[PDB]
Structure formats: C-alpha cells, structure tokens
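Comments concern the structure below.
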Amino acid sequence: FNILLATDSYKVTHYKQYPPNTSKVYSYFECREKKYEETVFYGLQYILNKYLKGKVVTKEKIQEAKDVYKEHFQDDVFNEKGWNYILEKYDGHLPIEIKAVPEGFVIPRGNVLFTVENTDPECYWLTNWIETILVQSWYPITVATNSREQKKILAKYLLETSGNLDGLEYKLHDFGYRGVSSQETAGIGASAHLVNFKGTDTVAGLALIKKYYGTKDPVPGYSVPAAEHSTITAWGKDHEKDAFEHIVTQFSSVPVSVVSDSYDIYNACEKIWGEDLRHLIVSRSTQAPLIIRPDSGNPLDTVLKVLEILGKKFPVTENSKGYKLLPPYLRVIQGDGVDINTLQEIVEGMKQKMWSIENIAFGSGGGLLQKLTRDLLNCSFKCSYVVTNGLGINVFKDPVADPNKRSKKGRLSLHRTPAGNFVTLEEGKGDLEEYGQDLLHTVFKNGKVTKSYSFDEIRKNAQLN
Amino acid sequence: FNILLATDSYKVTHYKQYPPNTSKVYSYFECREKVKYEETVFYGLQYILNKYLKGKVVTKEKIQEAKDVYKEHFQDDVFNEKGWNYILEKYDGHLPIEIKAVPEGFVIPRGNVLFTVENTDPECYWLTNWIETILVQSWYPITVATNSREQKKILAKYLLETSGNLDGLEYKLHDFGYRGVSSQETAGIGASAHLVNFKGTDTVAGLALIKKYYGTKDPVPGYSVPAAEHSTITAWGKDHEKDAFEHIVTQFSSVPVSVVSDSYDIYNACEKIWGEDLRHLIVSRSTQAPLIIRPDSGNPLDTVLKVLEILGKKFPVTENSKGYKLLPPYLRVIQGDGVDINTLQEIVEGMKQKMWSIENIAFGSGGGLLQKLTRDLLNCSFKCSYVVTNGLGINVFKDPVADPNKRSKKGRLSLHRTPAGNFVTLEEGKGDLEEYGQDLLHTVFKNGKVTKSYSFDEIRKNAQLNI
Ligand SMILES: C[C@@H]1CC(=O)N(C2CCOCC2)N=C1c1ccc(NC(=O)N2Cc3ccncc3C2)cc1
Ligand SMILES: C[C@@H]1CC(=O)N(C2CCOCC2)N=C1c1ccc(NC(=O)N2Cc3ccncc3C2)cc1
C-alpha cells in the first residue's frame, strides 16, 4: 500500500490551486442533514491504524508515485518536493491532527464527527489529500447505522409480541460475504454489523475486530451449522427427506439451519418435517432447535404460510402477550430478500397474524452489507477554515440550487446542550465556554494513534435506549 | 490472508452434509436470466485466481489458526482439519480444483455458464463449494464492467446521432468513485472494471491492479487531468471566487482543466465570471486544453440544460453537420453529480431534444458507477449441477415451486456458438455429442496453478461495442 497512490487523481494537482501563503487547511466530516436521524460513528480507528499511522512515506513510494503520475497525467504535476519534505523532516510520519467523536457514539445528523488539519505550514496540501481514504469511513458508519435501525424494529416487535428482548442480538444474521464487492469490504462491513448483533457467517469480520479493536471474549460473533442448496440437492430430487434426516442426525445436539425450498418449501414443511421426520424434531433440545429456512417467493407470504403449516403439525402455545409460539425445538429463519424495509413488513405481518417474533430470525446479505451508498446518510468531507498570510478565514460552500449541500463555517466543536442533546458550534464559538468542553478527542497526531476504543466500549456506546 | 477463514461459516460444516461416497462436486456460475442488462462482460476471475487461490494456500499454521477460531465461533469442534491436512501433505497445500471459464472480456447473454469448478481428487469433494464465497465476489467486476459498458452504449448511440461519429467516446464517462466505495480493495477492482470500457479515471487504485494482474502495452491503462474541488475554490473566500478561477486556469493553461463552478451560484459563475470577467482567459485556450466547467448540484438535467443555455449566449456556438449546437472547442461541460445509468440516459435525451450535441458534455460517476450495484442486478449465482456418488454421476439442481427464475441447470455444462452466432449452454453432458463447435470454457486454474491468462488489452478488445 502506498498513500501517495491512494487519493483521487485531481488531488495530486490541488497544491497548485490553494491561495498563495496558505499555512493551514482545516476540514471536517459530517452525515449532512436533509429515515436515519442518528448515525453510529464507527470505523475510523481501522483506517488510522491500517493506512495512516507510522512511516507511510519512503524514497521508493515517492519514486513509484512520480513514475505513475507522469504517465497518468501525461505531465509532471506530482508534488515530489512536498512528499520529500515529510520523509526528511518527520521520517515519513504525516504531520496531521485528527479529532473525533468516540467510536460507537450515536449522534444526530448534521454534527461534526471528525476534523483534520495539518500541523506543519508546509503541509497545508496534506489535509485534503487524505479526504478520499477518510471518506471511506462512510461504509462502516452506514452499515453500523442501518444494522442498528433494524435492531430497533426487531426490539419494538419482540417486546410487543413476547414481553422481553431475549435473543435480540441473534435475530439478524450476516449472510453477506459473497454479496459484497471485495474481501476487505467483507471484513469492514461484517465488523460494523457486529456493533449491534452477535450472529455472522462473514468470517472476515472476526480477525479485523481482534486486530484493530479487541474484545474480552475470544470471538465477537458466532454461528451454527446450516445447509445450502448443494448439500440437499446433491442427494437427488427423490432423496430430499434422506438429506434432511442425515443433516439433523449429524447435528443432533446443536442448532441446525436447513434450507427447505430446493423443490417445494410447503411440501417440505408439511410432509417431510411435519410428518416423515417429525419424530427427529420433537426429540431435540431447546439448545438445539431445527431452524427451517425458506429462501424463495414473496418473503412475507412465504413466512406466514410456513408458520401456518408448522402450527398445524407441531404443538403451538400462546405466550403471556396472547401471541402464538412454536415449540422451542423449532424456529424459522427468512434469509432471502431481507433489507430494512422487508424486515419491517415481515414482523408487522407476523404481528397482525398473532405470531410472536420469538418464532423468527432474519438473515441478510446484500441488503445488510452491499445495498448502501455514501448518499444514504450524506457522508461528506469539507474544508471549513484556512489560514492565508497569517489570517484565519471561515470557508464554506452554499450552492444556490441545493441548500442541503451548504457546509459549516470555521473551526468546529461538538457540545452537549443544556437539555443533553448534541450541538456543533461553528466559527470557533466553542472557545467561548458557553457550552462546556469539546466532545471531540485527538485520535491521531503526527503519525501516532493517540486515543483508541475496544470493540466492547463501542458496543456499549451503540446500545439501544 | 487465510483461505480456511475466507468462506461463509456454514460451509465449514458442509463436509458432514453431502451424501456418503461422493467423489465429485461440480458447480457453475451464471448471471441468471429473468435497462434489461441482456448481456454481461465476464471480467475479474483472473484477479481472484492469482491473489487468493494459486500456489501454497494451506500451511500447518493456517490450519491451527482456523481450528482455534472455529472452535470459539461455533462453540463446537466441527472443522474438517483432516481434509485440509490432506491437501497440505498430498499437494503441498495447492488446491486440487479445476476451473474452466469463458475468456475475460467476452460479452455473453444472460443465463449462460461463465465458469465451472470441480475437485480433481475424490477426497476433496467438499472443496468445490468451500470456494463459492470467494469466487462469487466476481459478481462485482462483472457487474461494474457490464453497467459501464451499458453506459458506453447509450453514449455511443447519442454521440453518433448528434455528431455523426464516436470521437472521444472512451473519455465520456470518468470514474469519480474512489471515496464512494466501501474499501481500498473494492476501489481497485471496480476502477479496473470501468477501464475495460473507458480510459478516464481518478480512482488511482485501478492502475496498479491492472499492471500487476492483467498488464497493458500502454504505460498506464487510464488517464486524468487537473481539476478543482470545493476546497481549492472556497479557500480563497466567498468574495474571491473569480480570483480562484483565474489562478487555477492560469496554472493549468496548456492542459485540459476541470473547474467546479457551483460553490455559491453556478449560473452567476457561468454567465458573469466565465462568461464576462474571465472570458479573455477561456477564448485564448487551445483545442487540446479546454476549460471544462463542472456543475455539481441541482437537478442534473435542468442544471446541464441551463448551463448550456448560458454558455451558448456568452460564447460562439456553431451548428454541426447533423444540425446540433456545439460550443467552441476550448469550452466543455462535465456533469459529475447524481450520475447513474438512468440519469445519464435522461441527460443525453434531454440534450438531444434541446438540439445540443453530446460532443459538448462528459460525465463523472462515483457511487453510481462503483457502489450502487448488487449481486442481484444480474442474478450472479453459483450452484452445484453434477455429483458422482458410488461412482455414478447424477444431474442435480434446485427448482423452487414459488420462483421458476431460481431453477438451476442440470449436469455437466458447456458453452457453444449457435449456427446463427449466438450462445447456448448445453446441459447433462450433451456438449460431448459435439453437435456444436468447441466448448468456449477453457481451463484457467488446475491443481494450484493459473493455466491461462489474458492481458488487459485482449480483455478490452473482447468487450468492444459492435459499431
Ligand atoms: C438465527 C438463528 C437463531 C439463533 O439464535 N442463532 C444462534 C447463533 C449463535 O449460536 C446459538 C444460536 N442462530 C441462528 C441461525 C444462525 C445461522 C444460520 N445460518 C444460515 O441459515 N445460513 C448461513 C448462510 C450464509 C450465507 N447464505 C446462506 C446461509 C444460510 C441460521 C440460523
Ligand atoms: C471528461 C473530460 C473530457 C476529456 O476528454 N478528458 C480527457 C481525459 C484524458 O486526458 C485528456 C482529456 N477528461 C475530462 C475530464 C477529466 C477529469 C475531470 N475531473 C473532474 O472533474 N474531477 C475529478 C474528481 C474526482 C472525484 N470527485 C470529483 C472530481 C472532479 C473532469 C473532466
């Protein structure tokens, strides 16, 4: 990895475009305000450690970048001297100071989340060089936020239909490993989901958390044995029952998920699970349920019909809230077509049919880790303050046709209001001590990580009310 | 990187689930059949084969790590240590797998086999689908390359209709997506996939990926020019926008320069700053070094049309041989906000209805080009179609009652040209009848070795448009 090659091309040319005698460029990140009213701040620590800290500039990395940019631009516009300055003066450590809200913090839209500034006047150009790498923090923020919004929906309907939150942290399982754009993305996104839940198939998330954050537990997320279409269909179309019997017998004393829609989900539920193999299901322990997995058709209609079938083949109870509950050896997971909208539709449709949310879990792949963009929370990095000829000026954009893109002015700070909410003060007004101390902390300075959070602290910060 | 930790957790348990006495699992990848996206660019497998699958990928230390992690993750011992140990001792940790694939850059209709995977040692029946997770990530380069090519087709059609040729087509869609993707690795992969179709990119990560895994005869596969951002304009102060514009076009007076012009008022900047105060610095520029005015907010169509209306009243407009208006060659526009395949179509159609040549415009696309895409868009999918159990081959498949679109193919597969020059996927080993020409799938990986490679230049040639 070469930080000289990890920016937008046009930023290679920005050192020639700032006003003459600019000593300071100060920039900030927010989730701009215009429904996702509050964001989980997560993922900066990964970027600081993997890409920004320590000796990130070498002679060899400068020469590589020079040679690439000469061909890319068909011109010699690369700031070799500026990068050489960093190498010679700071042994290739970035003269940058980053301040940030603590990881796992849940902050309303339109607040400063981190600030960046150069600590050496020669390095005014470096603040926005690193915009591109720091702005990728959009992805872990957005995955963590959207996963937390789904947790709130599951909390609401579980509480209403059961009277408690038992099992909440296992109700949304990450299926997204194959559905993301890269190995690196898999680890980052899986880690962000694990801020809110404990259930994952995206193995890449475990090593990221252990290396960059840390937990008291041996692992931050868990799984159970489960079938796929290849392990049922390999038995032959006339042997689906044989495949089911073998799998639940092999995994007789742990939970096991069995995809049941290879040929006919309703037949598999009513006749195979509900008659032919029923004797192998009703004998299982509460710690080792069969989890029936549909994987096709309209997600709500399919869940409701699977539950109607099982309720007629298995002994159903009525819990203390008046909702129907399968026996504890039998559960359903809907792992197809699940995103925040269909999850809401399913739990609402289950509640209207008097089915406890105790009965159901969700798996989500592309919905959870891939079908998300930087536009969803308007994640954005902007210059708000410069010093030119020794005078500080408040800088901002304010496009005539889009007031939502107006950016904040001057030196920023994050404060508690007298009612306990968050406010971002602009124009250096934090320095009036009318709202108490800045809630941002220095997390990076001059090539060193100066403040960090365990994954356990982050989960506690990200908790639901 | 540890291939034993690079699968879906549940695949760790599949070796206990297949039928006993299974010697072979054969699986295939397609972009299942139902902007229709009728044809896909096959691109990106060679990256995965070289970075993750080839050579000694199993060691004692990787087996023990995986065992230790899975013990805690499952709260249970279920990991196939014996099976992984077998690969280490028998093959020096090289995967006993054969992958056959259509050549990279090939443009194939939906619902065709694009690659197959099978074990070459009967002990390793479980390994075929272990690597499903890593191989199915090929959805991303296929989908970026396909969606970028579908945008090239729209640009080609409107450029040809409004100008009578395709000059500059390979620079009309610029990759702005480095900050808008989910990781560094994704930036390189996605940027490389766009460069199959175009030559302009700011996503620098794409260049090193292509040089290391594919290679070009050119020194670099993609190019850029100087451009402003809001920080380099707004740093001058709100009353000095004109001073920022003047300094930037003067610094970059002999190359193309893109200047974001919407910091405060895009329409004032076009009419009064570029169109009056700094007009003398624009009309003096060479055809090889235009000013490129960049709006970046508002309704993308409305803003492009109004910018062109303003510039056409301040600068000498010609009418080309097709009857479309054309700015002078020292002045162009780039719309780089809110661009995806739908808004690109809307803008060029709106420009054509207002009699503006597509020669006047270029597009930048970030999240639309590299991020706002899922594995669902082309139904990219890997499925088992053939097993051997007690020495007898059986054709296998799924066919869910409530969704016929998820039916999978049966048996040993091959891809052929039809007598009319289309493509057909033969099932149930019927390729062996040789009623069609040669199978188009070639062995690209066997027993830990990459057996066939494509240059980036071959890939671009295979992915060309018809015209
Ligand atoms: C959601 C239920 C409920 C539940 O409480 N658990 C916990 C998980 C922690 O250990 C004790 C049981 N696991 C569950 C569960 C876990 C994994 C699976 N896996 C699953 O169906 N698949 C893995 C996977 C990955 C990618 N595509 C499809 C699938 C199918 C299914 C149910
Ligand atoms: C599309 C026009 C037309 C065109 O023919 N070119 C080619 C490119 C190859 O070299 C000669 C000129 N470049 C163009 C161009 C290149 C880069 C830019 N860059 C740009 O506006 N920005 C880079 C970038 C990245 C991330 N977010 C925003 C921006 C803004 C704009 C126009």
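Proteins come first, then strands; the chains are lettered A, B, ... in the order of their sequence lines, and each starts at number 1. When a ligand or atom number is given, it counts from 1 through the structure's own listing order.
Side chains of A:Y177 and A:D201 form no contact here, defined as non-hydrogen atoms less than 4.5 Å apart. Side-chain contact between A:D75 and A:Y69 is absent, with no heavy-atom pair separated by less than 4.5 Å.
Protein heavy atom nearest atom 23 (C) of ligand 2, with residue, atom name and distance: B:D202 OD2, 3.1 Å. In this structure, the protein non-hydrogen atom closest to atom 32 (C) of ligand 2 is B:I334 CD1, 3.4 Å. The nearest protein atom to atom 22 (N) of ligand 2, hydrogens excluded, is given as B:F176 CZ, 3.3 Å; this is a heavy-atom distance. Among all protein heavy atoms, the one lying closest to atom 30 (C) of ligand 1 is A:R293 NH1, 3.4 Å. Counting protein heavy atoms only, atom 10 (O) of ligand 2 is closest to B:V225 CG1, 3.6 Å. Annotation: atom 18 (C) of ligand 2 to nearest protein heavy atom, B:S258 CB, 4.0 Å.
Listed by atom number, the atoms of ligand 2 under 4.0 Å from B:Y171 heavy atoms are 1 (C), 5 (O), 7 (C), 8 (C), 9 (C). Each of the atoms 1 (C) of ligand 2 lies under 4.0 Å from some heavy atom of B:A362. Within ligand 2, counting atoms from 1 as listed, the ones closer than 4.0 Å to a heavy atom of B:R179 are 26 (C), 27 (N).
Within the 4.0 Å heavy-atom criterion, neither part of B:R332 lies near ligand 2. Contacts of B:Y10 with ligand 1, taken as heavy-atom pairs under 4.0 Å, involve the side chain alone.
A donor and an acceptor atom, one from each side chain of A:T185 and B:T186, are located under 3.5 Å apart. Side-chain atoms of A:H193 and A:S147 include a donor-acceptor pair closer than 3.5 Å.
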Let me have the donor-acceptor pairs involving side chains of residues 326-336 of chain A, under 3.5 Å, with sequence neighbours excluded, atom names and distances please.
from	atom 1	to	atom 2	distance (Å)
A:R331	NE	A:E358	O	3.2
A:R331	NH1	A:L326	O	3.3
A:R331	NH1	A:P327	O	3.0
A:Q334	NE2	A:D336	O	2.7
A:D336	OD1	B:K406	NZ	3.0

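Side chain of B:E72 to backbone of B:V69: no donor-acceptor contact under 3.5 angstrom is found.
The pair A:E169-A:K151 does not meet the salt-bridge criterion, since no charged nitrogen lies less than 4.0 angstrom from a carboxylate oxygen.
Across the listed options A:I291, A:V259, B:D8, A:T200, A:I291 owns the non-hydrogen atom lying nearest to atom 14 (C) of ligand 1.
For the side chain to side chain donor-acceptor pair (under 3.5 Å) with A:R178, the qualifying choice from B:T133, B:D8, B:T7 is B:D8, the only one to do so.
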